There are 2 protein chains.
Amino acid sequence: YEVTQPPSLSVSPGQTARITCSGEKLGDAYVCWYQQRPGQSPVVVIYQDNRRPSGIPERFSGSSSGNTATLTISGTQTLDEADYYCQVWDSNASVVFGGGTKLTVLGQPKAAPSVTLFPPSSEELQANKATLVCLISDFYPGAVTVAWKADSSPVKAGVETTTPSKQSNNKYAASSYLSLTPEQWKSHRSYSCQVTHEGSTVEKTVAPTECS
Amino acid sequence: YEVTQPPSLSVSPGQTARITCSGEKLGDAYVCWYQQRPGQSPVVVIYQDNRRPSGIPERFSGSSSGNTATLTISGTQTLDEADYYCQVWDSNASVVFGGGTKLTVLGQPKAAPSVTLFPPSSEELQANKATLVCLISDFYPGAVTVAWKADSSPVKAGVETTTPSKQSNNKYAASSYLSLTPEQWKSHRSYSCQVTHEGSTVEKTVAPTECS
C-alpha cells in the first residue's frame, strides 16, 4: 500500500528539485523524507512535514498542501544523487511510503578508470594459492568491460568481475580476480588486464618479478 | 553515536529472527524497525521500540535491554526476506541508523569469506602510488563489514568497499581498498583488513616489503 510518487527526476547542480507526494487524505499525516545513497542506510532528511533532524543541512526543505507533500533542495549537488522516499504517518498508527523517486544529477564529467593490477602476495604463495586482482576504480559511467590475457593468450576461465558499484564520490568501482596455482603464475612471462571504458582502453600487466 | 547492526541473518524456514541494534547509547532512543523487500518502498514494523503501527501482525516484536534494541520475528516464511534497518531516534534532534541485516531464509549452504590482503605492487610504487586491496570472495549470503587499522588504529579514510556481487557460482564477491602514499605504508609496521560476515569475523594481514 503506497502513496503516489514520481519515480525519476533529473536535474543539474545549482538547480533545485521539487519531489512531491500526492494522494487523498494526505492532509491528516505528519510527513517525512528519507534519502538512500544508491545502496546504503537511509538518512532522515525531514520530519514532521516541516522539520530537519540535526545534522542535515538547510538546503532540504519540506511542506504540503491538502493532498500533497513536497521535497525541495536548494542547490542540488551530485552527492545528492539518491533515492527519495516519503513516509505518510496518519493518526491511527497507519504509515505508508511512496515507491521512491530517483534524483539523477546531470552533467557529470566522463571519467577514465584507474586500472590497477596486483599479483599474488606471498602468504598466498606460502599457502600454495595465487590470485591476480584488477581494481577498476573511479570510472563513470557505471559500465566496464574486462578481459584477462596471459602472455599473449586470452584467459577465458578463471575470471570473476564485480558488477560496478557506486563509491562515495559518484564514481564506480569493479574488480576482477583470476585464480591460479603458483604453477600457472611463475610460468607465463606475464599476465595482463584489459579494461575498456568507452572510447579508451587500458591494459596494465604484471610479471613474476615480484620483489622482496 | 555508532549504531552497530549485523550483516546477514540466515534463518531456516521457521526459526525466529533475532536482529538487534547495538549502538553506543541506546538509552535516549526510540527504535523503529524498517523492512525493505527487494527494492521497494520500505515498511516500518516496530516503533517506540515495542509499539507496532497498524495492520501489522504481532509475529513482530522489538525490545530494549540497555544497549540492545532487538527485533523478533515468528514463523519465518520467504515473504519475510528483506533488509532490516533499525532507526534509532536519539531523543533531542538527532538520528542514527544501523546498516542492515540481510535476513535470508536458507536455500543454499552458508559460505564464509575468502579474504586475501594485497599490498602495493612493485610497479604501483615506481609510479609513486600505493593502494591496499582487500579481496573478499566466495561468501553467502551476500553481506560484509570491512574494517581497516594501521598499527591497530582504525582508518576512516578512502576505504572504498564495494557491494557484494553474485559471482558466477552463486556466491558473492566484493572488495575493499585504501589509498595511502608510499611513505605512509613504509611508516606503518602493519596494516589490517577485517571482514565480519555472519557469526565469523576474519582479518588477514600484510607488512611492508623491501628488496632494495
# chains A, B, ... in the order shown; residues from 1 in each chain; ligands from 1

call {"tool": "interface_residues", "arguments": {"of": "chain B", "to": "chain A", "cutoff": "9 Å", "atoms": "only C-alpha atoms", "output": "mmCIF file with N, CA and C atoms, in the first residue's frame"}}
result
data_model
loop_
_atom_site.group_PDB
_atom_site.id
_atom_site.type_symbol
_atom_site.label_atom_id
_atom_site.label_comp_id
_atom_site.auth_asym_id
_atom_site.auth_seq_id
_atom_site.Cartn_x
_atom_site.Cartn_y
_atom_site.Cartn_z
ATOM 1 N N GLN B 40 12.008 -1.781 -2.928
ATOM 2 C CA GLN B 40 10.574 -1.426 -2.783
ATOM 3 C C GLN B 40 10.539 -0.308 -1.732
ATOM 4 N N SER B 41 9.353 0.191 -1.546
ATOM 5 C CA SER B 41 9.039 1.213 -0.540
ATOM 6 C C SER B 41 9.175 0.485 0.807
ATOM 7 N N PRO B 42 10.049 0.960 1.670
ATOM 8 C CA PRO B 42 10.300 0.353 2.990
ATOM 9 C C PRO B 42 9.003 0.182 3.742
ATOM 10 N N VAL B 43 8.995 -0.459 4.885
ATOM 11 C CA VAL B 43 7.772 -0.665 5.697
ATOM 12 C C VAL B 43 8.207 -0.652 7.156
ATOM 13 N N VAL B 44 7.567 0.113 8.018
ATOM 14 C CA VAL B 44 8.026 0.096 9.439
ATOM 15 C C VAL B 44 7.305 -1.055 10.146
ATOM 16 N N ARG B 52 3.877 -1.442 17.839
ATOM 17 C CA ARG B 52 3.641 -1.826 16.445
ATOM 18 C C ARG B 52 2.636 -0.797 15.886
ATOM 19 N N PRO B 53 2.879 -0.401 14.655
ATOM 20 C CA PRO B 53 1.932 0.545 13.972
ATOM 21 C C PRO B 53 0.776 -0.353 13.522
ATOM 22 N N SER B 54 -0.231 0.066 12.801
ATOM 23 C CA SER B 54 -1.364 -0.750 12.387
ATOM 24 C C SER B 54 -1.369 -1.541 11.102
ATOM 25 N N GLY B 55 -2.148 -2.598 11.185
ATOM 26 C CA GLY B 55 -2.373 -3.547 10.098
ATOM 27 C C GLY B 55 -1.302 -4.629 10.147
ATOM 28 N N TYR B 85 16.533 -2.607 8.836
ATOM 29 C CA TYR B 85 17.224 -1.384 9.259
ATOM 30 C C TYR B 85 16.520 -1.027 10.586
ATOM 31 N N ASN B 92 16.655 14.176 21.525
ATOM 32 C CA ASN B 92 16.827 15.596 21.274
ATOM 33 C C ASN B 92 16.627 16.242 19.912
ATOM 34 N N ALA B 93 17.328 15.829 18.866
ATOM 35 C CA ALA B 93 17.198 16.342 17.497
ATOM 36 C C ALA B 93 17.742 15.348 16.459
ATOM 37 N N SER B 94 18.681 14.513 16.858
ATOM 38 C CA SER B 94 19.442 13.532 16.119
ATOM 39 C C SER B 94 19.040 12.071 16.004
ATOM 40 N N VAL B 95 19.394 11.513 14.848
ATOM 41 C CA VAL B 95 19.182 10.140 14.447
ATOM 42 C C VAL B 95 20.408 9.477 13.770
ATOM 43 N N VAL B 96 20.394 8.164 14.031
ATOM 44 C CA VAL B 96 21.410 7.239 13.509
ATOM 45 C C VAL B 96 20.624 6.045 12.973
ATOM 46 N N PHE B 97 21.265 5.278 12.137
ATOM 47 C CA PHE B 97 20.506 4.156 11.513
ATOM 48 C C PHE B 97 21.500 3.048 11.240
ATOM 49 N N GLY B 98 21.154 1.892 11.758
ATOM 50 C CA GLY B 98 22.003 0.700 11.575
ATOM 51 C C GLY B 98 22.098 0.537 10.055
ATOM 52 N N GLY B 99 23.071 -0.228 9.652
ATOM 53 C CA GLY B 99 23.424 -0.559 8.297
ATOM 54 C C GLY B 99 22.692 -1.688 7.625
ATOM 55 N N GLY B 100 21.863 -2.448 8.316
ATOM 56 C CA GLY B 100 21.116 -3.553 7.680
ATOM 57 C C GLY B 100 21.508 -4.904 8.255
ATOM 58 N N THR B 116 41.668 -12.352 0.994
ATOM 59 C CA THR B 116 43.100 -12.227 0.672
ATOM 60 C C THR B 116 43.511 -10.760 0.806
ATOM 61 N N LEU B 117 44.637 -10.400 1.395
ATOM 62 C CA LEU B 117 45.005 -8.973 1.503
ATOM 63 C C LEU B 117 46.289 -8.668 0.738
ATOM 64 N N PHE B 118 46.181 -7.835 -0.299
ATOM 65 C CA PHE B 118 47.268 -7.456 -1.188
ATOM 66 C C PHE B 118 47.912 -6.105 -0.911
ATOM 67 N N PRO B 119 49.220 -6.105 -0.804
ATOM 68 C CA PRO B 119 49.974 -4.846 -0.614
ATOM 69 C C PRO B 119 50.231 -4.284 -2.009
ATOM 70 N N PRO B 120 50.789 -3.093 -2.046
ATOM 71 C CA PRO B 120 51.105 -2.450 -3.323
ATOM 72 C C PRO B 120 52.171 -3.246 -4.075
ATOM 73 N N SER B 121 51.963 -3.277 -5.386
ATOM 74 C CA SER B 121 52.836 -3.908 -6.381
ATOM 75 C C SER B 121 54.088 -3.034 -6.585
ATOM 76 N N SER B 122 55.103 -3.725 -7.071
ATOM 77 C CA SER B 122 56.410 -3.072 -7.346
ATOM 78 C C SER B 122 56.214 -1.869 -8.259
ATOM 79 N N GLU B 123 55.433 -2.089 -9.305
ATOM 80 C CA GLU B 123 55.145 -1.064 -10.307
ATOM 81 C C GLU B 123 54.445 0.132 -9.674
ATOM 82 N N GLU B 124 53.303 -0.198 -9.095
ATOM 83 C CA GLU B 124 52.467 0.823 -8.428
ATOM 84 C C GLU B 124 53.413 1.741 -7.684
ATOM 85 N N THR B 131 48.348 1.342 -3.032
ATOM 86 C CA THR B 131 46.968 1.004 -2.708
ATOM 87 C C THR B 131 46.864 -0.370 -2.048
ATOM 88 N N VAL B 133 44.431 -3.375 -1.090
ATOM 89 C CA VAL B 133 43.262 -4.030 -1.652
ATOM 90 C C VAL B 133 42.941 -5.254 -0.775
ATOM 91 N N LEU B 135 40.508 -8.378 -0.992
ATOM 92 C CA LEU B 135 39.529 -9.123 -1.782
ATOM 93 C C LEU B 135 38.799 -10.133 -0.897
ATOM 94 N N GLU B 160 37.336 2.130 0.444
ATOM 95 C CA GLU B 160 36.202 2.183 -0.513
ATOM 96 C C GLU B 160 35.738 0.790 -0.820
ATOM 97 N N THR B 161 34.902 0.277 0.090
ATOM 98 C CA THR B 161 34.367 -1.081 -0.074
ATOM 99 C C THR B 161 33.317 -1.174 -1.160
ATOM 100 N N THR B 162 33.320 -2.282 -1.885
ATOM 101 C CA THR B 162 32.282 -2.421 -2.928
ATOM 102 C C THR B 162 30.943 -2.851 -2.316
ATOM 103 N N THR B 163 30.211 -3.540 -3.168
ATOM 104 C CA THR B 163 28.904 -4.097 -2.957
ATOM 105 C C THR B 163 28.887 -5.537 -3.482
ATOM 106 N N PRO B 164 28.576 -6.397 -2.564
ATOM 107 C CA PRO B 164 28.521 -7.832 -2.876
ATOM 108 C C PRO B 164 27.941 -8.035 -4.256
ATOM 109 N N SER B 165 28.635 -8.816 -5.066
ATOM 110 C CA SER B 165 28.192 -9.123 -6.450
ATOM 111 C C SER B 165 28.089 -10.628 -6.601
ATOM 112 N N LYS B 166 27.010 -11.125 -7.193
ATOM 113 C CA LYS B 166 26.861 -12.597 -7.330
ATOM 114 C C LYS B 166 27.914 -13.089 -8.306
ATOM 115 N N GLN B 167 28.931 -13.749 -7.786
ATOM 116 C CA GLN B 167 29.980 -14.302 -8.700
ATOM 117 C C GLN B 167 29.239 -15.396 -9.474
ATOM 118 N N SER B 168 29.821 -15.926 -10.503
ATOM 119 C CA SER B 168 29.272 -16.943 -11.392
ATOM 120 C C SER B 168 28.905 -18.284 -10.805
ATOM 121 N N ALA B 173 30.907 -11.771 -4.262
ATOM 122 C CA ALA B 173 32.271 -11.229 -4.192
ATOM 123 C C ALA B 173 32.073 -9.733 -3.905
ATOM 124 N N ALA B 174 33.143 -9.174 -3.419
ATOM 125 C CA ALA B 174 33.243 -7.764 -3.034
ATOM 126 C C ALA B 174 34.721 -7.463 -2.826
ATOM 127 N N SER B 175 35.003 -6.202 -2.625
ATOM 128 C CA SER B 175 36.376 -5.728 -2.495
ATOM 129 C C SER B 175 36.342 -4.482 -1.613
ATOM 130 N N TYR B 177 39.341 -1.211 -0.559
ATOM 131 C CA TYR B 177 40.668 -0.656 -0.845
ATOM 132 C C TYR B 177 40.873 0.595 0.011
ATOM 133 N N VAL B 206 49.174 -7.984 6.043
ATOM 134 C CA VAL B 206 50.434 -7.856 5.296
ATOM 135 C C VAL B 206 51.293 -6.750 5.950
ATOM 136 N N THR B 209 57.365 -4.315 2.513
ATOM 137 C CA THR B 209 58.338 -5.120 1.723
ATOM 138 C C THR B 209 59.465 -4.218 1.243
ATOM 139 N N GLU B 210 60.642 -4.849 1.105
ATOM 140 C CA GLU B 210 61.829 -4.070 0.752
ATOM 141 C C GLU B 210 62.623 -4.289 -0.503
ATOM 142 N N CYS B 211 63.257 -5.445 -0.532
ATOM 143 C CA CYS B 211 64.150 -5.957 -1.554
ATOM 144 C C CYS B 211 65.431 -5.123 -1.696
ATOM 145 N N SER B 212 65.241 -3.808 -1.753
ATOM 146 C CA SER B 212 66.408 -2.953 -2.002
ATOM 147 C C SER B 212 66.580 -1.733 -1.130
#

call {"tool": "select_by_dssp", "arguments": {"residues": "region 7-133 of chain A", "states": "strand (DSSP E or B)", "output": "PyMOL selection string"}}
result
chain A and resi 8-11+16-22+29-36+43-47+51+60-64+68-74+82-90+95-98+101-105+111+114-118+130-133

call {"tool": "residues_around", "arguments": {"residues": "region 101-111 of chain A", "least_positions_apart": "2", "cutoff": "9 Å", "atoms": "only C-alpha atoms", "output": "short mmCIF file (atom, residue, chain, number, x, y, z; two decimals) with N, CA and C atoms, in the first residue's frame"}}
result
data_model
loop_
_atom_site.label_atom_id
_atom_site.label_comp_id
_atom_site.auth_asym_id
_atom_site.auth_seq_id
_atom_site.Cartn_x
_atom_site.Cartn_y
_atom_site.Cartn_z
N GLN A 5 4.22 8.51 -5.89
CA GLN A 5 5.47 9.26 -6.11
C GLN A 5 5.97 9.13 -7.56
N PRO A 6 6.66 10.15 -8.02
CA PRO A 6 7.23 10.19 -9.39
C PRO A 6 8.61 9.54 -9.31
N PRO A 7 8.75 8.40 -9.96
CA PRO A 7 9.92 7.55 -9.99
C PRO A 7 11.29 8.10 -10.29
N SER A 8 11.34 9.08 -11.19
CA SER A 8 12.56 9.76 -11.63
C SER A 8 12.35 11.27 -11.76
N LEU A 9 13.46 11.97 -11.61
CA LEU A 9 13.56 13.42 -11.68
C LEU A 9 15.06 13.75 -11.83
N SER A 10 15.44 14.18 -13.01
CA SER A 10 16.80 14.56 -13.44
C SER A 10 17.01 16.07 -13.41
N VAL A 11 18.13 16.52 -12.87
CA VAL A 11 18.40 17.98 -12.72
C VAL A 11 19.83 18.32 -13.05
N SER A 12 20.41 19.35 -12.48
CA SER A 12 21.81 19.76 -12.73
C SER A 12 22.18 20.51 -11.45
N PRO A 13 23.45 20.61 -11.16
CA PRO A 13 23.91 21.26 -9.90
C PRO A 13 23.34 22.64 -9.86
N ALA A 17 15.42 20.98 -6.92
CA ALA A 17 14.49 19.86 -7.18
C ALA A 17 13.42 19.88 -6.09
N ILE A 19 10.46 17.31 -5.41
CA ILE A 19 9.96 15.95 -5.29
C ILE A 19 8.68 16.05 -4.45
N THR A 76 20.93 21.60 -5.61
CA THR A 76 21.03 20.14 -5.73
C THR A 76 22.52 19.95 -6.14
N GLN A 77 23.12 18.90 -5.60
CA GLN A 77 24.55 18.62 -5.92
C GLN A 77 24.56 17.21 -6.47
N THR A 78 25.73 16.71 -6.76
CA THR A 78 25.84 15.32 -7.26
C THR A 78 25.71 14.34 -6.09
N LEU A 79 26.36 14.71 -4.99
CA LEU A 79 26.37 13.91 -3.76
C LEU A 79 25.01 14.03 -3.08
N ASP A 80 24.03 14.24 -3.90
CA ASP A 80 22.62 14.37 -3.54
C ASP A 80 21.87 13.32 -4.41
N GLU A 81 22.67 12.70 -5.26
CA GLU A 81 22.08 11.65 -6.15
C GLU A 81 21.62 10.64 -5.12
N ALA A 82 20.35 10.33 -5.12
CA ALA A 82 19.93 9.40 -4.03
C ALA A 82 18.55 8.89 -4.40
N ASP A 83 17.98 8.23 -3.40
CA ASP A 83 16.61 7.66 -3.54
C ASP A 83 15.82 8.47 -2.53
N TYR A 84 14.74 9.07 -3.01
CA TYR A 84 13.95 9.92 -2.10
C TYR A 84 12.56 9.32 -1.92
N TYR A 85 12.28 9.05 -0.64
CA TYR A 85 11.03 8.49 -0.16
C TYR A 85 10.34 9.40 0.86
N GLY A 98 5.74 6.13 -0.41
CA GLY A 98 5.54 6.31 -1.88
C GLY A 98 6.69 5.42 -2.42
N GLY A 99 6.48 4.70 -3.48
CA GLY A 99 7.51 3.83 -4.04
C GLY A 99 8.74 4.51 -4.62
N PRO A 113 38.87 5.16 -16.06
CA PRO A 113 39.16 4.28 -14.95
C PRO A 113 40.62 4.14 -14.60
N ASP A 138 37.33 4.62 -9.72
CA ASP A 138 36.99 5.95 -10.18
C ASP A 138 36.25 6.13 -11.49
N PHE A 139 35.89 5.14 -12.26
CA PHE A 139 35.15 5.35 -13.51
C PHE A 139 33.77 5.98 -13.27
N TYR A 140 33.13 6.37 -14.35
CA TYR A 140 31.84 6.99 -14.52
C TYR A 140 31.59 7.19 -16.02
N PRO A 141 30.56 6.61 -16.60
CA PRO A 141 29.51 5.79 -16.06
C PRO A 141 29.82 4.38 -15.60
N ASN A 170 30.41 9.39 -6.36
CA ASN A 170 29.56 9.23 -7.56
C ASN A 170 30.37 8.52 -8.66
N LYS A 171 31.49 7.98 -8.20
CA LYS A 171 32.34 7.21 -9.13
C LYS A 171 32.17 5.76 -8.71
N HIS A 197 36.76 1.46 -21.17
CA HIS A 197 35.67 2.27 -20.60
C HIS A 197 34.67 2.45 -21.77
#

call {"tool": "select_by_dssp", "arguments": {"residues": "region 9-208 of chain A", "states": "alpha helix (DSSP H)", "output": "ChimeraX atom specification"}}
result
/A:122-126,182-185

call {"tool": "write_last_selection", "arguments": {"atoms": "N, CA, C and O atoms", "output": "short mmCIF file (atom, residue, chain, number, x, y, z; two decimals), in the first residue's frame"}}
result
data_model
loop_
_atom_site.label_atom_id
_atom_site.label_comp_id
_atom_site.auth_asym_id
_atom_site.auth_seq_id
_atom_site.Cartn_x
_atom_site.Cartn_y
_atom_site.Cartn_z
N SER A 122 52.73 -13.10 -1.13
CA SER A 122 53.49 -14.19 -0.56
C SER A 122 52.62 -15.22 0.16
O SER A 122 52.61 -16.39 -0.25
N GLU A 123 51.95 -14.70 1.17
CA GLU A 123 51.10 -15.56 2.02
C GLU A 123 50.36 -16.57 1.18
O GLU A 123 50.40 -17.79 1.46
N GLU A 124 49.76 -16.04 0.12
CA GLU A 124 49.02 -16.93 -0.77
C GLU A 124 49.97 -17.94 -1.38
O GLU A 124 49.56 -19.10 -1.44
N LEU A 125 51.14 -17.52 -1.81
CA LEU A 125 52.11 -18.47 -2.44
C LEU A 125 52.63 -19.45 -1.40
O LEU A 125 52.89 -20.62 -1.68
N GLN A 126 52.72 -18.93 -0.20
CA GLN A 126 53.15 -19.65 1.01
C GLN A 126 52.02 -20.61 1.41
O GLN A 126 52.24 -21.55 2.22
N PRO A 182 50.39 -21.60 -8.19
CA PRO A 182 51.71 -20.97 -8.32
C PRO A 182 52.45 -21.69 -9.45
O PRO A 182 53.64 -21.42 -9.70
N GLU A 183 51.76 -22.59 -10.12
CA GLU A 183 52.21 -23.39 -11.27
C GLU A 183 51.88 -22.63 -12.58
O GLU A 183 52.54 -22.65 -13.64
N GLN A 184 50.79 -21.90 -12.48
CA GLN A 184 50.26 -21.07 -13.55
C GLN A 184 50.93 -19.71 -13.54
O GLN A 184 51.28 -19.13 -14.59
N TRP A 185 51.16 -19.20 -12.35
CA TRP A 185 51.78 -17.87 -12.14
C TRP A 185 53.16 -17.79 -12.78
O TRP A 185 53.36 -17.20 -13.86
#

call {"tool": "atom_distance", "arguments": {"atom1": "CA of residue 75 (chain B)", "atom2": "CA of residue 58 (chain B)"}}
result
11.0 Å

call {"tool": "closest_residue", "arguments": {"among": "B:169, B:115, B:191, B:201", "to": "residue 150 (chain B)", "atoms": "only C-alpha atoms"}}
result
B:191

call {"tool": "residues_around", "arguments": {"residues": "region 152-157 of chain A", "least_positions_apart": "2", "cutoff": "10 Å", "atoms": "only C-alpha atoms", "output": "number ranges by chain"}}
result
A: 147-150, 159-160, 178-179, 188-193

call {"tool": "closest_residue", "arguments": {"among": "A:145, A:70, A:181, A:16", "to": "residue 195 (chain A)", "atoms": "only C-alpha atoms"}}
result
A:145

call {"tool": "closest_residue", "arguments": {"among": "B:69, B:88, B:112, B:143", "to": "residue 22 (chain B)", "atoms": "only C-alpha atoms"}}
result
B:69

call {"tool": "decode", "arguments": {"residues": "region 23-81 of chain A", "atoms": "C-alpha atoms", "output": "tab-separated table (two decimals), in the first residue's frame"}}
result
chain	number	residue	atom	x	y	z
A	23	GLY	CA	-2.74	11.11	-2.51
A	24	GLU	CA	-6.18	11.63	-1.00
A	25	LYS	CA	-6.19	12.44	2.72
A	26	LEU	CA	-2.50	13.44	2.54
A	27	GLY	CA	-3.78	16.21	4.84
A	28	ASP	CA	-4.00	14.39	8.22
A	29	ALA	CA	-0.45	12.97	8.12
A	30	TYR	CA	2.77	14.38	9.70
A	31	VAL	CA	5.20	13.80	6.74
A	32	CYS	CA	8.75	12.59	6.32
A	33	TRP	CA	11.57	12.26	3.86
A	34	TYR	CA	14.12	9.55	3.64
A	35	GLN	CA	17.15	9.52	1.40
A	36	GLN	CA	19.16	6.43	0.48
A	37	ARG	CA	22.52	6.74	-1.34
A	38	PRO	CA	22.32	4.27	-4.28
A	39	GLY	CA	23.00	1.47	-1.84
A	40	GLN	CA	23.10	2.39	1.89
A	41	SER	CA	21.49	3.11	5.25
A	42	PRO	CA	18.68	5.60	4.69
A	43	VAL	CA	19.08	9.07	6.13
A	44	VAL	CA	16.28	11.05	7.75
A	45	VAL	CA	16.31	14.41	5.99
A	46	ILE	CA	12.98	15.85	7.11
A	47	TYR	CA	10.26	15.01	9.57
A	48	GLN	CA	7.00	16.38	10.91
A	49	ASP	CA	6.25	17.81	7.48
A	50	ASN	CA	8.34	20.92	8.25
A	51	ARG	CA	11.49	19.89	10.24
A	52	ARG	CA	15.03	18.80	9.61
A	53	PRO	CA	16.70	16.45	12.10
A	54	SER	CA	20.02	17.81	13.37
A	55	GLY	CA	22.98	17.20	11.10
A	56	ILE	CA	21.04	17.79	7.92
A	57	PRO	CA	21.91	20.97	6.03
A	58	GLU	CA	19.39	23.71	5.35
A	59	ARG	CA	19.10	23.09	1.58
A	60	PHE	CA	16.39	20.41	2.02
A	61	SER	CA	13.02	21.92	2.93
A	62	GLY	CA	9.60	20.28	3.24
A	63	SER	CA	5.93	21.29	3.05
A	64	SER	CA	2.45	20.24	1.96
A	65	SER	CA	-0.98	21.49	0.88
A	66	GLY	CA	-4.06	19.28	1.13
A	67	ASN	CA	-3.46	16.13	-0.96
A	68	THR	CA	0.33	16.71	-1.20
A	69	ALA	CA	3.83	16.92	0.29
A	70	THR	CA	6.97	18.37	-1.43
A	71	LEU	CA	10.76	17.98	-1.08
A	72	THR	CA	12.83	20.95	-2.10
A	73	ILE	CA	16.58	21.02	-2.18
A	74	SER	CA	18.06	24.45	-2.99
A	75	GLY	CA	21.36	23.78	-4.81
A	76	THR	CA	21.03	20.14	-5.73
A	77	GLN	CA	24.55	18.62	-5.92
A	78	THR	CA	25.84	15.32	-7.26
A	79	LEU	CA	26.37	13.91	-3.76
A	80	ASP	CA	22.62	14.37	-3.54
A	81	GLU	CA	22.08	11.65	-6.15
